[PDB]
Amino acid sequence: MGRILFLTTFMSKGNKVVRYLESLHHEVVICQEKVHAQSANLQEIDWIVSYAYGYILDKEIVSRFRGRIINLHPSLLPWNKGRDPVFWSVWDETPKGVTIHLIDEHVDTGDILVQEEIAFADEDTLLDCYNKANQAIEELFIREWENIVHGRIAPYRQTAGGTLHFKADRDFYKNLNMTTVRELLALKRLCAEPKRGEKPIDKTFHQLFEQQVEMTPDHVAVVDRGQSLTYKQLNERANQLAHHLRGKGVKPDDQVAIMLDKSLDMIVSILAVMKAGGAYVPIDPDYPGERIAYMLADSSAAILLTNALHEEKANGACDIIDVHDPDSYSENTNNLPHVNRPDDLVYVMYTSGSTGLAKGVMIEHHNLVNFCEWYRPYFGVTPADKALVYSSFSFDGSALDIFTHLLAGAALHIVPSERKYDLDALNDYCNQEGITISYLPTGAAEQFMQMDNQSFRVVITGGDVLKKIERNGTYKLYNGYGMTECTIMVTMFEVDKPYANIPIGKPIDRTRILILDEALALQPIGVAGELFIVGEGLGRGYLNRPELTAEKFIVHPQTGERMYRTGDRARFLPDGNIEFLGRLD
């Protein structure tokens, strides 16, 4: 009949298409490589049929064979042009079908000959989809071939729009081939990029705090033993000190060290540093003098807010400002002119030097603002609540204590030394004062479940594996995961039942968790892998450690996004909650 060139790389040589064409007495030449005009495979060729051909025909060839190049593309063109059509058909959630079209001067854009719809079952695998489509289009070709040879089909131009994909676009999804349709789309919801319409955070913390002061100025803000400050009182005193600081040269991104024991002066100092424009570097005064001397040096802190008691532990490291000297406070009680942006430093905390020397973790305002903006509505915090300043102010767990509740109008209650380790005593305080919400490390939180409590409405815990769930009170328990580098915490779970492994929940606001293999490629739901963090949580990095910063804050090779690699193992559950599975090594 005629000699037909059959171009293809992925399909076999005994296709139902080739056999059918052969059955009509056509000599079918099978070529699976790029060719040129001189190729002996283009000799006496009546028709060219391409089917999953991974190369481009030269324009010289397309011109000579105009109207005689027929392509089998398993998609509903213009949807899913290019490579991996069936896969992106499912992922991008586009219309589905198979198209037999003419080949023109571009990628899968030529006019259509025949096209029909196709359906994939929710429980079909992507491989099943790939095969169901290849079989459908092969049958369509056999059915409509005669109509195409006699050129009685009027080719119609493709609808406007569609999508296009390239060979490498599927690299990130290389492990999803044996996944189910609905199992794949589930993974899409959990890990797909942010939706449209989002705007960057436009507020700093002290900006929002000054707002909260105007709303609840006379409400109690912080308590320590018998003494207390209201939102206005606290705000005015912090301004007085902030004015003095900014007058001593404090500028945005400057680090100011604070060295105090838990007290009202600590809260004033922290805010005062913020309002002045700097970022506070907390230094526990009980730390060994070695750590203190090193923290003060590695940090660029030119100023140190401290007592006269702990003044000598600096060994003259920097300019001292006595929080108890009236000369350290200005007359001006008014808020200062704003000079910060959400991407300015807000605080710098050092991780315990378990491995190697301690590193200074930088955190920006937008990092802290996002956490508090999520914390308030998630736990329904109102000015009626009262929370504990439990954790050492050198740990990011203290940021949860102080900063979240202050923006909700609640009241902070400083936890002194005598009721830090003695949790039974701390329990009585909570019932006395009516403490309603606080965060307790996994350890202390587990012991506190023994005590009888009627005050707490909610308690949050995290930092280690939360094995024990039984507790006497009536309050909700929450498990939270995260590290200092991504601001306090990134996921939250409400503990409703007991669990063998207790999940760490779903991501907070404007954060995304990805479970990746050793090649940084997505892992299907239920498969373990290194947990990666993306979004508003990621801080600036490690202070004066750019090489180490780049090691942990990566630019992904495929999606090009900035992610923090935790070094933790985890796996998604079918209901969206995350399961922690210990460290990597």
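From 1 onward, residues are counted along the sequence shown.
Relative to one another, 515-523 and 534-542 have unequal mean CA B-factors, and 515-523 is the one with the higher figure.
The mean C-alpha temperature factor is higher for 352-360 when 476-484 and 352-360 are set side by side. Per the deposited coordinates, the residue with the largest Cα temperature factor out of 243, 157, 196, 165 is 196. Taking the deposited Cα B-factors for 214, 265, 144, 298, the highest one is held by 298. Remark: residue 130 belongs to the middle third of its chain, ranked by C-alpha B-factor as recorded. Residue 47: CA B factor lies in the lowest third for its chain, per the PDB record. For residue 271, the recorded CA temperature factor ranks within the lowest third of the chain's modelled residues. The entry lists a Cα temperature factor for residue 581 that places it in the highest third of the chain's modelled residues.
Among all modelled residues in its chain, residue 561 ranks in the lowest third by Cα B-factor.
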